[PDB]
Number of protein chains: 2
Amino acid sequence: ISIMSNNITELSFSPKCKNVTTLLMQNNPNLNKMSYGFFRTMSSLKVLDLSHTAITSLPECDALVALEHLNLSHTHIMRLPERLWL
Amino acid sequence: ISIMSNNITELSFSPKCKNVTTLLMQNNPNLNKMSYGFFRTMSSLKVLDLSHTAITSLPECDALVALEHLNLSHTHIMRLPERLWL
């Protein structure tokens, strides 16, 4: 999945992405609201890029069992959820 | 499940309550933090009581497909989540 450089403002649904292994969202300057429980079906997600985006908080991601890359550079994230440590 | 009139302060874990049909937490004066996804396994919770408790927010409830009673009296909930309307 790749929606880079889009003007996305709201990401409110919860996708059925069981097979997704790569997700990019670089250069979304207005995307700041994300649905809690967005990553429930993303167990196989390996690359996640919320870079250059306007989110201040990230949905909990205990279901991201296989994630290996996670970039949040140039974003307004103020605290990183405790689920990441597991 | 009934833990009413207790001095519970934190409810963070997500239980495995598949068969549960009742949750009672009346008169918990200090319980104010509840982790999101707490009601994930409550696919059959029919009665849910958070009364005389100190919560100001409620976890996501998309999995409450069969809930028929929900009491939140005497609690500091300031806004009610949009997932309730479905």
# chains A, B, ... in the order shown; residues from 1 in each chain; ligands from 1
>>> select_by_dssp(residues="chain A", states="strand (DSSP E or B)", output="PyMOL selection string")
chain A and resi 2+10-11+22-24+33-34+47-49+69-71
>>> residues_around(residues="residue 8 in chain A", least_positions_apart="3", cutoff="9 Å", atoms="only C-alpha atoms", output="list in words")
residues 3, 5, 11, 28, 29, 30, 31 and 32 of chain A
>>> interface_residues(of="chain B", to="chain A", cutoff="10 Å", atoms="only C-alpha atoms", output="list in words")
residues 35, 36, 37, 59 and 60 of chain B
>>> calpha_fit_and_write(fixed="chain B", moving="chain A", output="JSON list (two decimals) with C-alpha atoms, in the first residue's frame")
[["chain", "number", "residue", "atom", "x", "y", "z"],
["A", 1, "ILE", "CA", -18.24, -10.72, 36.38],
["A", 2, "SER", "CA", -18.77, -8.45, 39.38],
["A", 3, "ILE", "CA", -16.18, -6.26, 41.09],
["A", 4, "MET", "CA", -18.65, -3.72, 42.52],
["A", 5, "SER", "CA", -17.78, -1.46, 45.48],
["A", 6, "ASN", "CA", -14.06, -2.14, 45.07],
["A", 7, "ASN", "CA", -11.34, 0.50, 45.25],
["A", 8, "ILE", "CA", -10.01, -0.47, 41.80],
["A", 9, "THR", "CA", -7.74, 2.24, 40.41],
["A", 10, "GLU", "CA", -6.45, 0.80, 37.12],
["A", 11, "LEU", "CA", -7.92, -1.66, 34.61],
["A", 12, "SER", "CA", -5.11, -2.08, 32.09],
["A", 13, "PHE", "CA", -5.27, -5.65, 30.76],
["A", 14, "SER", "CA", -7.44, -7.09, 27.98],
["A", 15, "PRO", "CA", -9.39, -10.14, 29.22],
["A", 16, "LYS", "CA", -10.29, -13.27, 27.27],
["A", 17, "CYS", "CA", -13.98, -13.01, 28.24],
["A", 18, "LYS", "CA", -15.62, -14.74, 25.27],
["A", 19, "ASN", "CA", -18.46, -16.26, 27.32],
["A", 20, "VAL", "CA", -19.09, -13.27, 29.61],
["A", 21, "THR", "CA", -22.65, -11.98, 29.33],
["A", 22, "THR", "CA", -22.74, -9.60, 32.32],
["A", 23, "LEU", "CA", -20.21, -7.13, 33.75],
["A", 24, "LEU", "CA", -20.69, -4.87, 36.80],
["A", 25, "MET", "CA", -18.36, -2.14, 38.07],
["A", 26, "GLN", "CA", -20.58, 0.06, 40.27],
["A", 27, "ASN", "CA", -19.04, 2.12, 43.08],
["A", 28, "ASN", "CA", -15.44, 2.08, 41.89],
["A", 29, "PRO", "CA", -14.59, 5.65, 42.92],
["A", 30, "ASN", "CA", -10.96, 5.59, 41.75],
["A", 31, "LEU", "CA", -11.15, 3.56, 38.53],
["A", 32, "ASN", "CA", -10.52, 6.16, 35.82],
["A", 33, "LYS", "CA", -8.05, 4.54, 33.38],
["A", 34, "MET", "CA", -9.18, 1.64, 31.20],
["A", 35, "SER", "CA", -7.23, -0.21, 28.53],
["A", 36, "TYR", "CA", -8.21, 0.74, 25.00],
["A", 37, "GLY", "CA", -9.61, -2.32, 23.28],
["A", 38, "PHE", "CA", -10.86, -3.72, 26.59],
["A", 39, "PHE", "CA", -14.15, -4.86, 25.04],
["A", 40, "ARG", "CA", -12.62, -6.69, 22.06],
["A", 41, "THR", "CA", -13.51, -10.14, 23.41],
["A", 42, "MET", "CA", -16.83, -9.06, 24.98],
["A", 43, "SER", "CA", -19.03, -9.76, 21.93],
["A", 44, "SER", "CA", -21.61, -11.59, 24.07],
["A", 45, "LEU", "CA", -21.60, -8.99, 26.88],
["A", 46, "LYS", "CA", -25.21, -7.97, 27.52],
["A", 47, "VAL", "CA", -25.09, -5.86, 30.70],
["A", 48, "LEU", "CA", -22.38, -3.25, 31.28],
["A", 49, "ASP", "CA", -22.34, -0.96, 34.33],
["A", 50, "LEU", "CA", -19.63, 1.67, 34.71],
["A", 51, "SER", "CA", -21.71, 3.44, 37.35],
["A", 52, "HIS", "CA", -20.44, 5.71, 40.14],
["A", 53, "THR", "CA", -16.97, 5.37, 38.64],
["A", 54, "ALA", "CA", -14.31, 7.95, 37.79],
["A", 55, "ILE", "CA", -13.74, 7.25, 34.08],
["A", 56, "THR", "CA", -13.79, 10.30, 31.83],
["A", 57, "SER", "CA", -13.55, 8.34, 28.56],
["A", 58, "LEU", "CA", -14.75, 4.94, 27.39],
["A", 59, "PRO", "CA", -12.86, 2.53, 25.11],
["A", 60, "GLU", "CA", -14.40, 2.04, 21.68],
["A", 61, "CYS", "CA", -16.87, -0.83, 21.65],
["A", 62, "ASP", "CA", -17.73, -1.79, 18.06],
["A", 63, "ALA", "CA", -17.23, -5.43, 19.13],
["A", 64, "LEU", "CA", -20.17, -5.22, 21.56],
["A", 65, "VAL", "CA", -22.62, -6.69, 19.05],
["A", 66, "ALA", "CA", -25.10, -8.05, 21.60],
["A", 67, "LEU", "CA", -25.01, -5.37, 24.32],
["A", 68, "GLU", "CA", -28.50, -4.32, 25.43],
["A", 69, "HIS", "CA", -27.91, -2.44, 28.71],
["A", 70, "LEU", "CA", -25.30, 0.25, 29.35],
["A", 71, "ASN", "CA", -25.29, 2.45, 32.46],
["A", 72, "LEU", "CA", -22.77, 5.25, 33.07],
["A", 73, "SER", "CA", -24.58, 7.26, 35.75],
["A", 74, "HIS", "CA", -22.66, 9.44, 38.23],
["A", 75, "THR", "CA", -19.46, 9.28, 36.15],
["A", 76, "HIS", "CA", -17.22, 11.94, 34.63],
["A", 77, "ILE", "CA", -17.63, 10.75, 31.04],
["A", 78, "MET", "CA", -17.49, 13.95, 28.98],
["A", 79, "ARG", "CA", -18.07, 12.61, 25.46],
["A", 80, "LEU", "CA", -19.55, 9.30, 24.38],
["A", 81, "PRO", "CA", -17.68, 7.56, 21.54],
["A", 82, "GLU", "CA", -19.28, 7.40, 18.10],
["A", 83, "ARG", "CA", -19.04, 3.59, 17.99],
["A", 84, "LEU", "CA", -22.10, 3.42, 20.26],
["A", 85, "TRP", "CA", -24.39, 4.66, 17.47],
["A", 86, "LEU", "CA", -23.72, 1.48, 15.46]]
>>> select_by_dssp(residues="chain B", states="helix (DSSP H, G or I)", output="list in words")
residues 82, 83, 84 and 85 of chain B
>>> write_last_selection(atoms="C-alpha atoms", output="PDB file, in the first residue's frame")
ATOM      1  CA  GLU B  82     -19.216   7.475  18.190  1.00  0.00           C
ATOM      2  CA  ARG B  83     -18.945   3.673  18.001  1.00  0.00           C
ATOM      3  CA  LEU B  84     -21.971   3.495  20.319  1.00  0.00           C
ATOM      4  CA  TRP B  85     -24.383   4.657  17.603  1.00  0.00           C
TER       5      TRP B  85
END
>>> decode(residues="range 22-44 of chain B", atoms="N, CA and C atoms", output="PDB file, in the first residue's frame")
ATOM      1  N   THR B  22     -22.155 -10.426  31.418  1.00  0.00           N
ATOM      2  CA  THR B  22     -22.444  -9.367  32.380  1.00  0.00           C
ATOM      3  C   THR B  22     -21.148  -8.822  32.963  1.00  0.00           C
ATOM      4  N   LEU B  23     -21.015  -7.496  32.977  1.00  0.00           N
ATOM      5  CA  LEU B  23     -19.919  -6.806  33.649  1.00  0.00           C
ATOM      6  C   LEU B  23     -20.504  -5.763  34.587  1.00  0.00           C
ATOM      7  N   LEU B  24     -20.137  -5.836  35.863  1.00  0.00           N
ATOM      8  CA  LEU B  24     -20.587  -4.876  36.866  1.00  0.00           C
ATOM      9  C   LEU B  24     -19.372  -4.231  37.516  1.00  0.00           C
ATOM     10  N   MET B  25     -19.321  -2.899  37.485  1.00  0.00           N
ATOM     11  CA  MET B  25     -18.272  -2.128  38.143  1.00  0.00           C
ATOM     12  C   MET B  25     -18.824  -0.908  38.869  1.00  0.00           C
ATOM     13  N   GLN B  26     -20.025  -1.012  39.433  1.00  0.00           N
ATOM     14  CA  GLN B  26     -20.600   0.098  40.179  1.00  0.00           C
ATOM     15  C   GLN B  26     -19.754   0.415  41.405  1.00  0.00           C
ATOM     16  N   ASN B  27     -19.775   1.685  41.808  1.00  0.00           N
ATOM     17  CA  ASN B  27     -19.141   2.142  43.044  1.00  0.00           C
ATOM     18  C   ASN B  27     -17.639   1.864  43.068  1.00  0.00           C
ATOM     19  N   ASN B  28     -16.973   2.022  41.926  1.00  0.00           N
ATOM     20  CA  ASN B  28     -15.516   2.031  41.899  1.00  0.00           C
ATOM     21  C   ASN B  28     -15.048   3.479  41.830  1.00  0.00           C
ATOM     22  N   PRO B  29     -14.808   4.127  42.973  1.00  0.00           N
ATOM     23  CA  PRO B  29     -14.598   5.583  42.962  1.00  0.00           C
ATOM     24  C   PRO B  29     -13.293   6.030  42.328  1.00  0.00           C
ATOM     25  N   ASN B  30     -12.288   5.161  42.235  1.00  0.00           N
ATOM     26  CA  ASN B  30     -10.976   5.563  41.745  1.00  0.00           C
ATOM     27  C   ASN B  30     -10.640   5.003  40.370  1.00  0.00           C
ATOM     28  N   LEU B  31     -11.446   4.093  39.834  1.00  0.00           N
ATOM     29  CA  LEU B  31     -11.152   3.498  38.535  1.00  0.00           C
ATOM     30  C   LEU B  31     -11.449   4.525  37.451  1.00  0.00           C
ATOM     31  N   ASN B  32     -10.394   5.064  36.835  1.00  0.00           N
ATOM     32  CA  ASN B  32     -10.540   6.091  35.814  1.00  0.00           C
ATOM     33  C   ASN B  32      -9.756   5.824  34.538  1.00  0.00           C
ATOM     34  N   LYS B  33      -8.852   4.849  34.523  1.00  0.00           N
ATOM     35  CA  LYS B  33      -8.082   4.529  33.330  1.00  0.00           C
ATOM     36  C   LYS B  33      -8.439   3.127  32.863  1.00  0.00           C
ATOM     37  N   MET B  34      -8.892   3.026  31.617  1.00  0.00           N
ATOM     38  CA  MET B  34      -9.250   1.754  31.009  1.00  0.00           C
ATOM     39  C   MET B  34      -8.618   1.685  29.629  1.00  0.00           C
ATOM     40  N   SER B  35      -7.912   0.591  29.361  1.00  0.00           N
ATOM     41  CA  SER B  35      -7.182   0.467  28.108  1.00  0.00           C
ATOM     42  C   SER B  35      -8.138   0.260  26.942  1.00  0.00           C
ATOM     43  N   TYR B  36      -7.817   0.882  25.809  1.00  0.00           N
ATOM     44  CA  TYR B  36      -8.593   0.663  24.599  1.00  0.00           C
ATOM     45  C   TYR B  36      -8.467  -0.788  24.153  1.00  0.00           C
ATOM     46  N   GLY B  37      -9.520  -1.297  23.522  1.00  0.00           N
ATOM     47  CA  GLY B  37      -9.574  -2.704  23.192  1.00  0.00           C
ATOM     48  C   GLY B  37      -9.920  -3.606  24.352  1.00  0.00           C
ATOM     49  N   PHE B  38     -10.363  -3.039  25.478  1.00  0.00           N
ATOM     50  CA  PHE B  38     -10.758  -3.853  26.623  1.00  0.00           C
ATOM     51  C   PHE B  38     -11.966  -4.716  26.287  1.00  0.00           C
ATOM     52  N   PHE B  39     -12.913  -4.167  25.529  1.00  0.00           N
ATOM     53  CA  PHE B  39     -14.126  -4.876  25.149  1.00  0.00           C
ATOM     54  C   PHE B  39     -13.981  -5.671  23.859  1.00  0.00           C
ATOM     55  N   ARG B  40     -12.754  -5.986  23.436  1.00  0.00           N
ATOM     56  CA  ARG B  40     -12.574  -6.698  22.174  1.00  0.00           C
ATOM     57  C   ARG B  40     -13.183  -8.093  22.218  1.00  0.00           C
ATOM     58  N   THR B  41     -12.994  -8.820  23.318  1.00  0.00           N
ATOM     59  CA  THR B  41     -13.499 -10.181  23.427  1.00  0.00           C
ATOM     60  C   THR B  41     -14.940 -10.256  23.916  1.00  0.00           C
ATOM     61  N   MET B  42     -15.540  -9.132  24.307  1.00  0.00           N
ATOM     62  CA  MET B  42     -16.937  -9.111  24.739  1.00  0.00           C
ATOM     63  C   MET B  42     -17.914  -9.176  23.573  1.00  0.00           C
ATOM     64  N   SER B  43     -17.955 -10.300  22.860  1.00  0.00           N
ATOM     65  CA  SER B  43     -18.849 -10.442  21.719  1.00  0.00           C
ATOM     66  C   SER B  43     -20.250 -10.830  22.175  1.00  0.00           C
ATOM     67  N   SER B  44     -20.417 -11.059  23.473  1.00  0.00           N
ATOM     68  CA  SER B  44     -21.726 -11.409  24.008  1.00  0.00           C
ATOM     69  C   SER B  44     -22.067 -10.686  25.302  1.00  0.00           C
TER      70      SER B  44
END
